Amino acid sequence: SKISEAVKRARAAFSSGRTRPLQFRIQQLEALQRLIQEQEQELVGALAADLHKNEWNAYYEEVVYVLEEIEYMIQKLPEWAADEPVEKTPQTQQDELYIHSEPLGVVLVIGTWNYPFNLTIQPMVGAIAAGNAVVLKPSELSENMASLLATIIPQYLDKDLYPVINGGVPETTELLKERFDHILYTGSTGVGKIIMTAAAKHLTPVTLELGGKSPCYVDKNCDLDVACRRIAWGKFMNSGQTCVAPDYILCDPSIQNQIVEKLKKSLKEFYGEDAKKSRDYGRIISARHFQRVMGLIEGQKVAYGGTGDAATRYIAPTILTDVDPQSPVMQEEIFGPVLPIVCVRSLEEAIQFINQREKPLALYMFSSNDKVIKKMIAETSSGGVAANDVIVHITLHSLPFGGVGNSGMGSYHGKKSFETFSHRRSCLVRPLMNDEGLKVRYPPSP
C-alpha cells in the first residue's frame, strides 16, 4: 500500500516536530538550491525531451524562477515566521495581540506538464518554508521530468517529509482519498472541481490555479511595433503552452492587418523563416494535444503558418484573422501556437466581450492612455492584469499569482506562498489579574 505508506510516513515525520525550527527548513531549501545546481544538465535534458526546450530557455524561462524564490524565502523566513503584533484598542492596552503563523501539516502539490519543474517545485518551496511535510504528484505527460524528480528529490531532501508519488489519473484519484491539510493543484478547470470535491471530504483547503482564455486588448493610438513584439514573445514561447499566454487579441478592425504584419516581423526575428529549424522554438507535449490544436485551425482564415508535423509534434506559429467568437478556436483554452484576432469596435465592446465569458487567469491590454487602462481594469475581473506587457506579472515576488472564478481560487508566490501554506492564528494574551473594569460583563445585569 505504497501511496498510504508515503503519506503516513510524511504525517508521522511532521508530528515529530522536525520541521518546526527555521534552521531545518532553511536547510531543506538550501538542499533544493544544490539540487538545481548539481542537476542543471539533467533538468535541461528532461525539458528538452518533453517540450523541446534548449539549455538557455530551460533556465531563463523555468528553473531560474525557482532559484530566485528559494533565495528570497531563505532570506525573509525569520521575518515572516515571527509573531505579528496587531493594532490594539483602548481596552486591550495591557494585552498582547498578535498573529501566530504555524504549518498546516501535510501538504499535497499536484503539478502540471507545461512547466513541469517550476509548477511542481515553486509551490513546494513555499510549503517547505511554511514548515509542512510536502507530498508531490508530478504530471505523467511530462514523463521525463516526472521520472527524474522521483529520482533526485529524495537524494537531496528529507525522505519521509517530501515523498514523490508516481502515476496518472488512477494514482492521483487514489492519492485524493488520503487526508491532507492543504492541496495545491495546477491544471484544468474541469479537474479543479474533482480536486475540490475530494478535498471537501476531509475539509481540506485548496489552492486552484486553473485556466481560461486570457484576452489581449490592443488600443488604436498605441505603438504597435513594441506591442506586437511583446505579444508574440509571450504568445509563442513554450509553443503557446502557458497558462498566462495571451490567448487571443481584441482590436479595432482598422488596425488588424498592421498587427498581423508586425507579429510576422517579430516572429521572423525570433525563429527565422522556418520555425522548425530553430532551437528556441518548442513542440507540443503529446499526440492528443497536437490534434486538438490542429483541429482548431480548421475552417479558419490563416494569415500565417497553419501547418504542422505529426511525427515531431510541431505546429508553425499561426495567426488567424477575422475570427468568429463562436468558432472552436474561441470556445476553449488554445494552449498552442495559434493566435486568433477578434474584432471589436470600441473599448466598451471589448469590456463587454470579456465580461460575458468566464474570468481569465490574466488580462492584457496595450495602450498609451492611462485612462483606457484604468477603465478596463475597473470594469473587468481577472486573476491578474498586465498593461503593456505579458507574462512578467507572475514573476514578481510582491504580486501574488492566482485565479478567480473559473481560473481558480487562492494564490501563491513570495510571502503569499508562506501565508497560503500556513494557518494564521489570532492570539490574545491578557494578564491574569483581578481587573475591575471587566466586571460589567458578568451576570446579573442591571
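For every residue, the number given is its place in the sequence shown, counted from 1.
When the C-alpha B-factors of 5-13 and 421-429 are averaged, 5-13 comes out higher.
Mean CA temperature factor is higher for 80-88 when stretches 190-198 and 80-88 are set side by side in the entry. When the Cα B-factors of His100, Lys213, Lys235, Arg279 are read from the PDB record, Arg279 comes out highest. When the C-alpha B factors of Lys137, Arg357, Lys265, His182 are read from the deposited coordinates, the top value falls at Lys265. Among all modelled residues in this chain, the alpha-carbon of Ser254 has a temperature factor (C-alpha) in the highest third.
In the PDB entry, a CA B factor belonging to the highest third of its chain's modelled residues is recorded for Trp56.
Ranked within its chain, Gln27 lands in the middle third, by CA B factor from the PDB record. When the modelled residues of the chain are ordered by their C-alpha B factor, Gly168 lands in the middle third. Ranked by C-alpha B-factor against the other modelled residues of its chain, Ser367 falls in the highest third.
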